[PDB]
Amino acid sequence: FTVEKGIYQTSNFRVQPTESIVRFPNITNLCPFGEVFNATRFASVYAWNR
Amino acid sequence: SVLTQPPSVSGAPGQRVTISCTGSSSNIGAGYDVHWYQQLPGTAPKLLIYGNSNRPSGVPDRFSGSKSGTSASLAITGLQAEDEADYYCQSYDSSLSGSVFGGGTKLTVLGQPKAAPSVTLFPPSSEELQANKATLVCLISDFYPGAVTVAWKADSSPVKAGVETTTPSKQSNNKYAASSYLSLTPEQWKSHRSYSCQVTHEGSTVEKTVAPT
Ligand SMILES: *[C@@H]1O[C@H](CO)[C@@H](O)[C@H](O)[C@H]1NC(C)=O
């Protein structure tokens, strides 16, 4: 209950981060799929492109 | 193009022969059915099996069609005397917006024994000299099989221009015959001392020569 003059270490200071970033790449690759819609002509409803 | 097939397959007369067809995920692996056809060299192809589940009329039950996911397979039991044709894969392609066929597989092992060839060399006649051309013919007849190489020489250097070889055809007595022409001109026909054709069959080389003068 009695403290004399001097320096004293009580606890430690930790800076806890508040946000997290886990993004590994800048962008992912693609596959050719726009030709399904970007086409010269389409198919009918009795025989449609799958 | 989008469908690839093996060039040839080997088999035995009495075992199971199975062909494998591989395409893409948009034509065969999407869910479309496959159709197999036989391309006989000389007759129009006909329908063998459609959908790999039904049997058309006039088709034997020895042909079996299955679809193992993205790849389709055809299996046969026993090699008869009519399987000397080509097998193709036919399936609807969404990318091509139509039907695309396969490559084709040839079904043969060996049916050609050896024989003794005989050649004949005939110089051009008198009426051929005034046509401003010289057709040198060296006929080959009575040989088996029909795989003969033709080489032309003028006793000083081989001739690599105008050399031709026709395919051999079956004779009356199950042999083969062929001919080889050589396009030349009568201007240099008389200058050269002699002309000849040289052929080689299974190591047997024979030579016949003619003299224009
Ligand atoms: C189709 O083409 C247009 C213009 O060429 C383009 O803007 C678009 O990204 C392409 N793809 C799709 C899925 O629309």
# chains A, B, ... in the order shown; residues from 1 in each chain; ligands from 1
>>> interface_residues(of="chain B", to="chain A", cutoff="12 Å", atoms="only C-alpha atoms", output="NGL selection string")
:B and (25-32 or 92-98)
>>> write_last_selection(atoms="C-alpha atoms", output="PDB file, in the first residue's frame")
ATOM      1  CA  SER B  25     -16.450 -30.464 -72.733  1.00  0.00           C
ATOM      2  CA  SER B  26     -18.857 -28.532 -74.991  1.00  0.00           C
ATOM      3  CA  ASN B  27     -19.584 -31.083 -77.754  1.00  0.00           C
ATOM      4  CA  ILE B  28     -19.454 -34.587 -76.238  1.00  0.00           C
ATOM      5  CA  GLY B  29     -18.954 -33.937 -72.517  1.00  0.00           C
ATOM      6  CA  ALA B  30     -21.794 -31.413 -72.392  1.00  0.00           C
ATOM      7  CA  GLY B  31     -24.404 -34.173 -72.667  1.00  0.00           C
ATOM      8  CA  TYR B  32     -24.931 -34.594 -76.400  1.00  0.00           C
ATOM      9  CA  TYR B  92     -23.152 -31.887 -82.127  1.00  0.00           C
ATOM     10  CA  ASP B  93     -20.742 -29.032 -81.370  1.00  0.00           C
ATOM     11  CA  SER B  94     -22.148 -25.886 -79.769  1.00  0.00           C
ATOM     12  CA  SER B  95     -19.001 -23.858 -80.500  1.00  0.00           C
ATOM     13  CA  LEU B  96     -19.079 -24.821 -84.190  1.00  0.00           C
ATOM     14  CA  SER B  97     -22.915 -24.511 -84.270  1.00  0.00           C
ATOM     15  CA  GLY B  98     -23.156 -27.758 -86.206  1.00  0.00           C
TER      16      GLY B  98
END
>>> residues_near_ligand(ligand="ligand 1", cutoff="12 Å", atoms="only C-alpha atoms and all ligand atoms", output="mmCIF file with N, CA and C atoms, in the first residue's frame")
data_model
loop_
_atom_site.group_PDB
_atom_site.id
_atom_site.type_symbol
_atom_site.label_atom_id
_atom_site.label_comp_id
_atom_site.auth_asym_id
_atom_site.auth_seq_id
_atom_site.Cartn_x
_atom_site.Cartn_y
_atom_site.Cartn_z
ATOM 1 N N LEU A 30 -9.061 -15.664 -66.486
ATOM 2 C CA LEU A 30 -10.372 -15.946 -67.046
ATOM 3 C C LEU A 30 -10.262 -17.086 -68.049
ATOM 4 N N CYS A 31 -11.415 -17.557 -68.504
ATOM 5 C CA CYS A 31 -11.515 -18.562 -69.547
ATOM 6 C C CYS A 31 -12.407 -18.024 -70.657
ATOM 7 N N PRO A 32 -12.239 -18.507 -71.897
ATOM 8 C CA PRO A 32 -13.066 -17.986 -72.992
ATOM 9 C C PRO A 32 -14.526 -18.387 -72.857
ATOM 10 N N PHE A 33 -15.360 -17.420 -72.471
ATOM 11 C CA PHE A 33 -16.789 -17.637 -72.305
ATOM 12 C C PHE A 33 -17.641 -16.533 -72.911
ATOM 13 N N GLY A 34 -17.048 -15.413 -73.328
ATOM 14 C CA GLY A 34 -17.812 -14.349 -73.946
ATOM 15 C C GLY A 34 -18.315 -14.681 -75.335
ATOM 16 N N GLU A 35 -17.712 -15.674 -75.992
ATOM 17 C CA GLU A 35 -18.166 -16.094 -77.313
ATOM 18 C C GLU A 35 -19.547 -16.737 -77.277
ATOM 19 N N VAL A 36 -20.018 -17.144 -76.096
ATOM 20 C CA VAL A 36 -21.383 -17.645 -75.963
ATOM 21 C C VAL A 36 -22.383 -16.544 -76.296
ATOM 22 N N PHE A 37 -22.130 -15.331 -75.811
ATOM 23 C CA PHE A 37 -22.980 -14.178 -76.082
ATOM 24 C C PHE A 37 -22.474 -13.328 -77.240
ATOM 25 N N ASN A 38 -21.161 -13.105 -77.326
ATOM 26 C CA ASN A 38 -20.565 -12.379 -78.449
ATOM 27 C C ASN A 38 -20.323 -13.373 -79.582
ATOM 28 N N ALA A 39 -21.371 -13.599 -80.371
ATOM 29 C CA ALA A 39 -21.313 -14.555 -81.468
ATOM 30 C C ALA A 39 -21.953 -13.944 -82.704
ATOM 31 N N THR A 40 -21.553 -14.462 -83.868
ATOM 32 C CA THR A 40 -22.132 -14.006 -85.128
ATOM 33 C C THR A 40 -23.613 -14.362 -85.216
#
>>> residues_around(residues="residue 50 of chain B", least_positions_apart="3", cutoff="7 Å", atoms="only C-alpha atoms", output="VMD selection string")
chain B and resid 34 to 35 54
>>> residues_around(residues="residue 19 of chain B", least_positions_apart="4", cutoff="12 Å", atoms="only C-alpha atoms", output="list in words")
residues 4, 5, 6, 7, 8, 9, 10, 11, 36, 63, 64, 65, 66, 67, 71, 72, 73, 74, 75, 76, 86, 87, 88, 89, 104, 105, 106 and 107 of chain B
>>> write_last_selection(atoms="N, CA, C and O atoms", output="short mmCIF file (atom, residue, chain, number, x, y, z; two decimals), in the first residue's frame")
data_model
loop_
_atom_site.label_atom_id
_atom_site.label_comp_id
_atom_site.auth_asym_id
_atom_site.auth_seq_id
_atom_site.Cartn_x
_atom_site.Cartn_y
_atom_site.Cartn_z
N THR B 4 -10.29 -35.53 -81.96
CA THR B 4 -9.07 -36.24 -82.32
C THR B 4 -9.29 -37.74 -82.23
O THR B 4 -9.96 -38.23 -81.32
N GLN B 5 -8.72 -38.47 -83.19
CA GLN B 5 -8.83 -39.91 -83.26
C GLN B 5 -7.46 -40.52 -83.54
O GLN B 5 -6.61 -39.88 -84.15
N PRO B 6 -7.23 -41.75 -83.07
CA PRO B 6 -5.95 -42.40 -83.36
C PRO B 6 -5.82 -42.70 -84.84
O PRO B 6 -6.83 -42.88 -85.55
N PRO B 7 -4.59 -42.75 -85.37
CA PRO B 7 -4.44 -43.02 -86.81
C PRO B 7 -4.78 -44.45 -87.20
O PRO B 7 -5.43 -44.68 -88.23
N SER B 8 -4.37 -45.43 -86.39
CA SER B 8 -4.66 -46.83 -86.68
C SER B 8 -4.65 -47.62 -85.38
O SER B 8 -4.06 -47.20 -84.38
N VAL B 9 -5.31 -48.78 -85.41
CA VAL B 9 -5.38 -49.67 -84.26
C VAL B 9 -5.15 -51.10 -84.74
O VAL B 9 -5.62 -51.49 -85.81
N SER B 10 -4.42 -51.87 -83.95
CA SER B 10 -4.11 -53.26 -84.26
C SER B 10 -4.99 -54.19 -83.44
O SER B 10 -5.38 -53.88 -82.31
N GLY B 11 -5.29 -55.35 -84.02
CA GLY B 11 -6.14 -56.32 -83.36
C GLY B 11 -5.93 -57.70 -83.95
O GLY B 11 -5.13 -57.90 -84.86
N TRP B 36 -21.76 -43.12 -84.49
CA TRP B 36 -20.63 -43.79 -85.13
C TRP B 36 -21.03 -44.23 -86.54
O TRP B 36 -22.12 -44.76 -86.74
N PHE B 63 -21.76 -54.79 -82.31
CA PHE B 63 -21.29 -53.43 -82.05
C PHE B 63 -21.93 -52.90 -80.77
O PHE B 63 -23.15 -52.96 -80.61
N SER B 64 -21.10 -52.36 -79.88
CA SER B 64 -21.56 -51.81 -78.61
C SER B 64 -21.06 -50.39 -78.47
O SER B 64 -19.88 -50.12 -78.71
N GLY B 65 -21.95 -49.48 -78.08
CA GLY B 65 -21.58 -48.09 -77.89
C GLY B 65 -21.81 -47.62 -76.47
O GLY B 65 -22.88 -47.82 -75.90
N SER B 66 -20.80 -46.97 -75.88
CA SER B 66 -20.88 -46.48 -74.52
C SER B 66 -20.25 -45.10 -74.44
O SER B 66 -19.40 -44.74 -75.25
N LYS B 67 -20.69 -44.32 -73.45
CA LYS B 67 -20.19 -42.97 -73.21
C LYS B 67 -19.68 -42.89 -71.78
O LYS B 67 -20.48 -42.81 -70.84
N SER B 71 -15.68 -39.02 -72.77
CA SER B 71 -15.16 -39.84 -73.85
C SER B 71 -16.16 -40.93 -74.20
O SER B 71 -16.82 -41.49 -73.33
N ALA B 72 -16.26 -41.22 -75.50
CA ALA B 72 -17.13 -42.28 -76.00
C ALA B 72 -16.27 -43.43 -76.52
O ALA B 72 -15.20 -43.21 -77.09
N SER B 73 -16.76 -44.65 -76.33
CA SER B 73 -16.02 -45.85 -76.71
C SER B 73 -16.92 -46.79 -77.51
O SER B 73 -18.12 -46.89 -77.27
N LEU B 74 -16.30 -47.48 -78.47
CA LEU B 74 -16.98 -48.49 -79.28
C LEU B 74 -16.18 -49.78 -79.20
O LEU B 74 -14.96 -49.77 -79.38
N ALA B 75 -16.87 -50.89 -78.93
CA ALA B 75 -16.24 -52.19 -78.78
C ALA B 75 -16.89 -53.19 -79.72
O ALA B 75 -18.11 -53.18 -79.90
N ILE B 76 -16.06 -54.06 -80.31
CA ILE B 76 -16.53 -55.11 -81.21
C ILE B 76 -15.95 -56.44 -80.75
O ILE B 76 -14.92 -56.49 -80.07
N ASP B 86 -13.20 -47.24 -92.17
CA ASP B 86 -12.82 -46.23 -91.20
C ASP B 86 -13.98 -45.94 -90.26
O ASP B 86 -15.14 -45.95 -90.67
N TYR B 87 -13.66 -45.71 -88.99
CA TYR B 87 -14.64 -45.38 -87.96
C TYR B 87 -14.49 -43.92 -87.58
O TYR B 87 -13.37 -43.43 -87.38
N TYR B 88 -15.62 -43.22 -87.47
CA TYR B 88 -15.63 -41.79 -87.19
C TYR B 88 -16.55 -41.49 -86.02
O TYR B 88 -17.49 -42.24 -85.74
N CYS B 89 -16.27 -40.38 -85.34
CA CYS B 89 -17.11 -39.88 -84.26
C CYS B 89 -17.89 -38.67 -84.75
O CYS B 89 -17.31 -37.74 -85.30
N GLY B 104 -10.64 -40.57 -87.87
CA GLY B 104 -10.74 -41.81 -88.61
C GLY B 104 -9.64 -42.80 -88.28
O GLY B 104 -8.46 -42.44 -88.23
N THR B 105 -10.02 -44.06 -88.04
CA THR B 105 -9.08 -45.12 -87.71
C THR B 105 -9.15 -46.21 -88.78
O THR B 105 -10.24 -46.61 -89.18
N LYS B 106 -7.99 -46.67 -89.22
CA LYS B 106 -7.89 -47.74 -90.20
C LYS B 106 -7.66 -49.06 -89.48
O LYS B 106 -6.83 -49.14 -88.57
N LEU B 107 -8.40 -50.10 -89.89
CA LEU B 107 -8.38 -51.40 -89.24
C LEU B 107 -7.82 -52.44 -90.21
O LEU B 107 -8.56 -53.07 -90.97
#
>>> residues_around(residues="residue 193 of chain B", least_positions_apart="3", cutoff="10 Å", atoms="only C-alpha atoms", output="ChimeraX atom specification")
/B:154-156,189-190,210-213
>>> atom_distance(atom1="atom CA of residue 111 of chain B", atom2="atom CA of residue 81 of chain B")
11.8 Å
>>> residues_around(residues="residue 179 of chain B", least_positions_apart="2", cutoff="8 Å", atoms="only C-alpha atoms", output="count of residues only")
8
>>> atom_distance(atom1="atom CA of residue 60 of chain B", atom2="atom CA of residue 23 of chain B")
26.9 Å
>>> atom_distance(atom1="atom CA of residue 159 of chain B", atom2="atom CA of residue 184 of chain B")
10.6 Å
>>> closest_residue(among="B:134, B:110, B:129, B:119", to="residue 197 of chain B", atoms="only C-alpha atoms")
B:119
